[PDB]
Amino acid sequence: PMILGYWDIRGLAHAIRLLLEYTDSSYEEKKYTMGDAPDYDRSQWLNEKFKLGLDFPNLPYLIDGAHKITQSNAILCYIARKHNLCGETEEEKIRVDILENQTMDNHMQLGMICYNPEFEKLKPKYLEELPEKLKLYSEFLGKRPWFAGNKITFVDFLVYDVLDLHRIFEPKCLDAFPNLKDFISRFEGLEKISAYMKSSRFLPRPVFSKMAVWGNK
């Protein structure tokens, strides 16, 4: 069994958890609990942070035998390589590469306003730009069933996560993009994905850690 180590939140591990479930990967989760305010005790993680053999210790981390991987996108790429979910044509690889980085940027942008204490002042400005960001995703997808082409790749798990987070934040934001709504439906309708969302292992909340102004609970 692989070990997925991360906080007891959704955060950056959501797509890793979904990709593990979809690939029928045998795994165990090591969950770290963060303390409440004002200290936000990370001692549970910080004590074993340098005792795991990680090259650049960080959460999330995946231990799969001899391989100890950090960086959420690197963990996703590792799992996707085992089950051929990386794209085959050069066009597919370009789409995967762009999206892997683009979704990270969109997740960071949301996370920055959510972790800022002036979240209430920044929120309306973020909401004005949100339709423009979502429009790029709607357009890039187009008539395709999946984001890289006709086959599902790990970037579909990343795009789904960004779309789901924005629908948690602003529920009406996907209403203008029918193909984005259809993509969420198609992704959630996958047999393993559907089973995992009904199970007890499913952890859709909290969206961020206890230190966030939005999504801490």
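Whichever C-alpha set is largest while still superposing within 1.5 Å between the two forms counts as the rigid core. The numbering used is simple: start at 1 and walk along the sequence shown.
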After core superposition, the stretch with larger RMS C-alpha deviation in 5 other deposited structures of this protein, comparing 43-51 and 153-161, is 43-51
Stretch with higher mean Cα temperature factor, 33-41 vs 46-54, is 33-41
For 85-93 versus 100-108, entry-based mean Cα B-factors point to 85-93
Note to self: of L122, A80, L141, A74, the C-alpha temperature factor tops out at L122
So, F183's CA B-factor, relative to its chain, sits in which third? The lowest
Assert third(CA B-factor, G189) within chain per record equals middle
Chain-relative C-alpha B factor for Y137 (record values, thirds): the lowest
Quick tally, chain-level thirds of C-alpha B-factors: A195 sits in the middle
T153: CA temperature factor from the record, placed by chain third, in the middle
